[PDB]
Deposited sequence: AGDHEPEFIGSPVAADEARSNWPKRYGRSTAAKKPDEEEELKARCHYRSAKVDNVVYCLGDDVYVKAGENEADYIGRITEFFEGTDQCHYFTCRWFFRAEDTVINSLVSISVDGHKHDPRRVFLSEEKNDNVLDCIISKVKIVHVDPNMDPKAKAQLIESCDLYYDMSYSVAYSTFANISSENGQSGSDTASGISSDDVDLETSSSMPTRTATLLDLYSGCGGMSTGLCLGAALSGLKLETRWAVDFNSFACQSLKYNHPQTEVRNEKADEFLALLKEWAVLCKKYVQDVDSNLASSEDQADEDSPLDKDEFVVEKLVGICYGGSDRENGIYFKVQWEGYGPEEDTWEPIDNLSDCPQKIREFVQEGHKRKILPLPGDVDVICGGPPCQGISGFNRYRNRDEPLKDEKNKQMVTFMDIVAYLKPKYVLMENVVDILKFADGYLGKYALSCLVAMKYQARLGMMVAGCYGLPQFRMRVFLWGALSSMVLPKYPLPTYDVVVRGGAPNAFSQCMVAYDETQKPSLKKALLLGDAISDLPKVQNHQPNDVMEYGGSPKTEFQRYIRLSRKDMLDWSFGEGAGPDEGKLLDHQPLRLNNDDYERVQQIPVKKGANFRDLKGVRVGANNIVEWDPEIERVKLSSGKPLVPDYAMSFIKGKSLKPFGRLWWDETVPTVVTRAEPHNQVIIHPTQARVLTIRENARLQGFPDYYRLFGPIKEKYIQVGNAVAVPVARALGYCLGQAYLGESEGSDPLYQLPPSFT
C-alpha cells in the first residue's frame, strides 16, 4: 500500500526552529508520524531500512518526518553502526580470551541520511545501556529488547565513546622512550604516572630502561612468558605458599634454555651472587617458607601486577613483520609471522590485566598491510572487550622534530574512564609521505580552514649543529659538548631531568649531568669508510658523484666507458654493484649525504649508508646514535647501552618522546577528569 503521513503538520515556524536548514533537500512541511504497510512510526523510533543486495538491513533512528518540495514522502534517520559496519569490518569474527562481539550490540552515530518511507521495513527495540549500572541489572534489560547500544561511534578517528598516582606497564618496552614520554607528559598534566614494569626480550634495551629508571621492574623476557608468569603468580598470591638458601632473588616462567613452568633464582647460603642459580619449583619443594616470604614481600612490593594493579598499559609491538620495508611479508595470512602475533599476545595480556587505559603504537602499514587486518584486529580486540576506543595517526615532526614519522596510536579506556583525545600539532612539518585513503579521517592534524600559527618546521641543523665533531671510530660512551647550545631545540634537548619533570632519580641531579652521551657513529669498515670519504661535501651528494658513474636515459645509472672501474685499496670496487642496481638503477639513497636544511623522513634500526641518506652533512661518517635519538626527541641525558648497532636499534624502534609526551599530557587530562567534551582533538598548552 501507499505510505502516508499521519496527524496534523507541525507548526510552520516550530518546524523551522527545529529544522532550519531543511527549510540540500527542501521540504514543504513537516509531520510527526508516518504509516507504511500498516504500521505507524513516530519520531524517535528505531527502524530497519532496506539496503543493497548482499547488504545487511540498515538500522536507523528517525529524526524528521517531512514531505519534500519534490512532492515526495521523505523520512530521515541517523544510523546505528554494527560492529562490522565500523572500520573493524571482517575482524568482527575474532575473539580474545572468551569475549566476542555481541550480534545485538550496535553503536549510535550522528551520520544522517534522507530516504523515502518505502525504505522502512519494521520497528526494532533498541535500548540504551549504561555500563556504570549494576552488572546484572543490564542482563534482563539486554534480553528485553532486540538490539542495544552502550556506546556511540564516530567516523572521525574511529571513536567508540560513552554516551594522584597511576601505574604503567610497558609491553615490548625497548629502551623506554614511549613510557618515558608518557610519564613526562602526565607529570606536566598533574599526574604521577610512573613505569612500574617493562618487558623486552632484548637485554641491552632492558639495560637502558633500567639505567634511566632504577625503580622500574624491568624484565628481560618475552611477552607470552610474562603473561604465563602473571597467571602463575596469581595462584601463589592466592595460596601465599643438595644445599640451603639465604634468600630468593626473582621469579620467572620458562625462558631461554628452560621449559614451561615457574622458576626461582636462588642465593645459596655460603655462596656469592655469582653462584646464584635459576631452579624449577618441583626441585625447590623443600623450600616452602622462603617461597612464602618471596611471594608475600613481592606482592606487598608489587613486583608483579595482579588484575587491577595496572592503570595504563602502553605497547610498541614489533613492526618488522608489518612494515613496507619488509619485502618478505605474507599478505595472504598476516598472523603467521610471530612478530605479527605479538600484537595478539599484547591484547591478551591487556585482557588478563584489564587496565584503565591502553595505548598501542605501530606504523602506518598496520592500516594497509593485509588491508589493515592487524590494525583493525587491535581495534576489534578493544571493542569486543567493551573498551572505549580511538584511532589516530600522528606525525613526529609536528611536535618539534626534524623528521616525518607518521605513527598509528590506538587509545583504549574502560567505560569508567574518559577516553583521551589526540594532541594537535604544535609545529609545522615538512610533509614527506602519504596517509592512507581509507583512514584519511584518522589523521591527527588541523583542518584546512583553520590552522593557527605554529612554530616553524624544525630542520636538521636545529638538531645537530650543536654537537662537536667525531670520527668514524668513536669508542667513548661519555664525552663533553664542544660548546653551548645554538638553537632552541638543542636547548630543550639539553634540559636536565628535573627541568623535564623526569622524577626517575627523585630530587637532586641524576647521573651524567651535562655530559654528551652515545655520540658515536656506526664504525664503517675501511672500504665503506673510504667510500664515504669520496662523497663530496655538498647538498644532494650521493654515490652518483663517485668516479666512473654516469646518469643515462630516464635517470638510470650506468658506468662511464672512458673511466675504468675505480678500485679501492682492498681490491673491491669503489662503487658497489648493488648501488648501481638499487631501485632499478634510479635511487639517490645509496651513500647519500643529508644537509642541514633537509629532513630525515624516518630514522631506522640500521645505520649503514648503503640504501639510505644517513651520512653526516660535513663529516666523513654516518649520523651518530645521539643524533638519531635527537631526531626522535630523546633528551640528551637518556643514556643507551650495548653495542653501537644495538643502540641504533633501540633509538630506531622507539617512539618519538615528544609524541609520547603529548600523549601523556592528554592521558593525564583524561585520567584526572579534566576534559572538554566530544572533540577527539586537543590543543596543547604552552610546553
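By the record, the deposited chain contains unmodelled runs at 1-3, 27-39, 180-209, 288-310, 757-758, with no C-alpha atoms placed there.
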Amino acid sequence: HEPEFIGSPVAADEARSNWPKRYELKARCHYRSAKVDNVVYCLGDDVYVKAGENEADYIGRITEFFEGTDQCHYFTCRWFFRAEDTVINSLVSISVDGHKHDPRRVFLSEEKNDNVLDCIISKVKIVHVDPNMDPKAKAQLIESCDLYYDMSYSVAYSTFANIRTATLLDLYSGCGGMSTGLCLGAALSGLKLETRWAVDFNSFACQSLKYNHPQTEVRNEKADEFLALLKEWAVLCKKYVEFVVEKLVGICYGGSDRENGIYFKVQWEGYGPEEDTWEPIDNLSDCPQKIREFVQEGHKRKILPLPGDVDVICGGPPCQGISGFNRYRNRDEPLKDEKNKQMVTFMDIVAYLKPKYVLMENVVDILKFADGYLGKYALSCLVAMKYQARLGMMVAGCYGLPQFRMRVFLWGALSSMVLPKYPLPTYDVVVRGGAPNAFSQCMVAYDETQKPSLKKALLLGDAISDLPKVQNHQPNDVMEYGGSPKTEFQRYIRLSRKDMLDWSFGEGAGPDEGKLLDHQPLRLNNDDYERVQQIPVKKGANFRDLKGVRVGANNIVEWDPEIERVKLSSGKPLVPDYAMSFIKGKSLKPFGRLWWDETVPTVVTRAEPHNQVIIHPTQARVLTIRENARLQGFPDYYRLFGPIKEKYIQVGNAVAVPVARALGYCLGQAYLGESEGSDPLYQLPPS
From here on, numbers count along this sequence of modelled residues.
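In this entry, 53-61 shows the higher mean Cα temperature factor of the pair 624-632 and 53-61. Of the two segments examined, 383-391 and 98-106, it is 98-106 that shows the higher average Cα temperature factor in the deposited entry.
Across 326, 158, 330, 90, the entry's maximum B-factor at the CA atom is seen for 330. Residue set 242, 309, 84, 466: peak C-alpha B-factor at 242 (per PDB entry). In this PDB entry, residue 40 carries a Cα temperature factor that places it within the middle third of its chain's modelled residues. Among the modelled residues of its chain, residue 123 has a C-alpha B-factor that falls in the middle third, as given in the PDB entry. Ranked by C-alpha B-factor against the other modelled residues of its chain, residue 32 falls in the highest third. The PDB entry assigns residue 365 a C-alpha temperature factor belonging to the lowest third of its chain's modelled residues. Among all modelled residues in its chain, residue 204 ranks in the lowest third by Cα B-factor.
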